[PDB]
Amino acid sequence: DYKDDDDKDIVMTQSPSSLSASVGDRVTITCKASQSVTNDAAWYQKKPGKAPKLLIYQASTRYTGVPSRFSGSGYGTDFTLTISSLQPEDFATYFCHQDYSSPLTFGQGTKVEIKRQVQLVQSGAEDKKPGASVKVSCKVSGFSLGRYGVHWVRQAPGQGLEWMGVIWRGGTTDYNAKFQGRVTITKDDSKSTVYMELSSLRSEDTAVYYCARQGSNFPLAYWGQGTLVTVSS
């Protein structure tokens, strides 16, 4: 009866959906995974313009340079992120995340609203018509592509964070089955650049596309500037 089914997407269910808060309030968010992820839960903070910032990883560990007011908890299926005392700089949208299994999955993302060195640089934005394809670049500096694999994530308007794929240090690719093989990730070690090519575009692929890299023992932590791809008929 009870056996954690691997090789099946792990859904991060984030509650509540939205919240209204005032400076000084204490905020609490919860995440329920479809199956145990031991302690491989991470929380990110994302603001509209900037790229995601890693807050907590391995459930309870504070990433480098994270204020004391943030804290994480939980294990297995249930996890909680608490801000002891809010501060105007914290008004953003926070995301649950798991990397225990592939594909990487995030939560739907909660909305905190008011109540009354390593470098990755991507190519320029662009737009195209349905049925076509895109190729995005990701110039890398500060580390070798033989030591780390590079992931590709996207954020569609009014949606969560979608893990697209990764190319590992040895060149082995891993793609999100959700994309029906439209994604193809390549890399040139000489030019230290990673390419992500998407095909059979649909109007629903209008999104920001982020180049990303994990740490040796902590989740995704280094992100590109983001590349906006628009598609309309």
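From 1 onward, residues are counted along the sequence shown.
Gap check for residue 116 to residue 117: 10 or more deposited residues are absent from the model. Mean CA B-factor, 196-204 versus 160-168: the higher value falls on 196-204.
Looking at 120-128 and 144-152 together, the entry lists the larger mean B-factor for 120-128, computed on C-alpha atoms. Comparing the C-alpha B-factors of 77, 98, 102, 87 in the entry, the top value falls on 87. For the set 58, 176, 173, 68, the maximum C-alpha B-factor listed in the entry falls on 68.
Looking at the C-alpha B-factors along this chain, the one for residue 190 belongs to the highest third.
Compared with the other modelled residues of the chain, the Cα B-factor recorded for residue 27 ranks in the highest third. Remark: residue 19 belongs to the highest third of its chain, ranked by C-alpha B-factor as recorded. Residue 35: CA B factor in the lowest third of modelled residues in this chain (values from the PDB entry).
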